[PDB]
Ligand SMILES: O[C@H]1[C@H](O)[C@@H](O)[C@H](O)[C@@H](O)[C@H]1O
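A single chain, nothing else alongside it, follows as structure tokens in the form deposited without the ligand.
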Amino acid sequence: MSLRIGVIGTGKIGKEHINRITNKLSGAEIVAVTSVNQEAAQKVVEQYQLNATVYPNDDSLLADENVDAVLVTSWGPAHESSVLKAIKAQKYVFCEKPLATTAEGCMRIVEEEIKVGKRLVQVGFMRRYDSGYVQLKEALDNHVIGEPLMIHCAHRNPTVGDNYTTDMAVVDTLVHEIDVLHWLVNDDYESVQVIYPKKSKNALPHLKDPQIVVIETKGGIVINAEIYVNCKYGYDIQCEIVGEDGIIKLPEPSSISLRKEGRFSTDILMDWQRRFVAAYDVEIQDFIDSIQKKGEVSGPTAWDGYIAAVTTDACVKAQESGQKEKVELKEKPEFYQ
């Protein structure tokens, strides 16, 4: 019957996932809430009419035996702590990115989970659940294009706020590409390099934008990723995989077409929140269903969180040094193989 879920962190995306579980998905219910702000957390149970005790902290909510699983949706740097705790409490955990702000912290989560002996942790890299990326994965697995040789991608955003900084280009933005690409081609990153084109007029003086990130896999796949967060025209994810015998490419989001005033056109999304809305529903549903059927989670793993953490670090180092940097990856544990 219903999977009982506690929510750690009721900001925007905590409110979204709650709405999801309460009003859209099957098999689960929100029974507990927290942080930080005792208020607001109470305002959230109000807003959504929840049968939910407002606990004052992780351990508190995590103490409850009427909670089977948790969503960690709080401030990024807070994640590692709550995840560790929930693992010790042996509850299933869905953790929004990042798993932890350091590779060391991801490694600690990895260590703990391996002790429990089964997969409790799923990281919220929703792109793997998007129908376009699923199709790309299927085509590759069915050897449609032969071996992958190169990947060209772009992650574009119309404009960012004052506080968006150069490192966020890789840490908050490219991390999605970083997680999804190694999954697609099943190969590990080896080296990264960052090249800066002239700065766009739309970027604030403190921010280096756009940038080009070149990544090589151990297999020798070269990825060039454009990141351009002040592109003005829209929010835009583009991904092209070049293989030996052919090329596959991610599709545009669905739009009606329009002939009008001398132009034939389709819409480009302006809002990042509309790009992957279905994927978010799918990943949470899969969280719920995996548990109810397999006694463990199925999505991106604690190791995937670690791979991202390490890769983003090398990228930031590449941003600073302007040189080709190594990606320091431990061999993958048997437990995640």
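Residue numbers here begin at 1 and follow the sequence given.
Only in words, not in the display: the form solved in complex with the ligand, which the text now covers.
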Would you point out which of 205 to 213, 157 to 165, 102 to 110, 183 to 191 contains residues with a non-hydrogen atom within 4.5 Å of the ligand in the entry with it bound?
-> 157 to 165
Note: exactly one of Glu226, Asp172, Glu240, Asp267 sits with a heavy atom within 4.5 Å of the ligand in the entry with it bound, namely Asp172
Report the residue, out of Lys88, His176, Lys199, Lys118, that has at least one non-hydrogen atom within 4.5 angstroms of the ligand in the entry with it bound.
-> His176
Determine whether any heavy atom of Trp272 comes within 4.5 Å of a heavy atom of the ligand in the entry with it bound, and answer yes or no.
-> yes
Might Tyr235 be said to contact the ligand in the entry with it bound, defining contact as any heavy atom within 4.5 Å?
-> yes
Check each residue of 287 to 320 against the ligand in the entry with it bound and list those with a heavy atom within 4.5 Å, in sequence order.
-> none
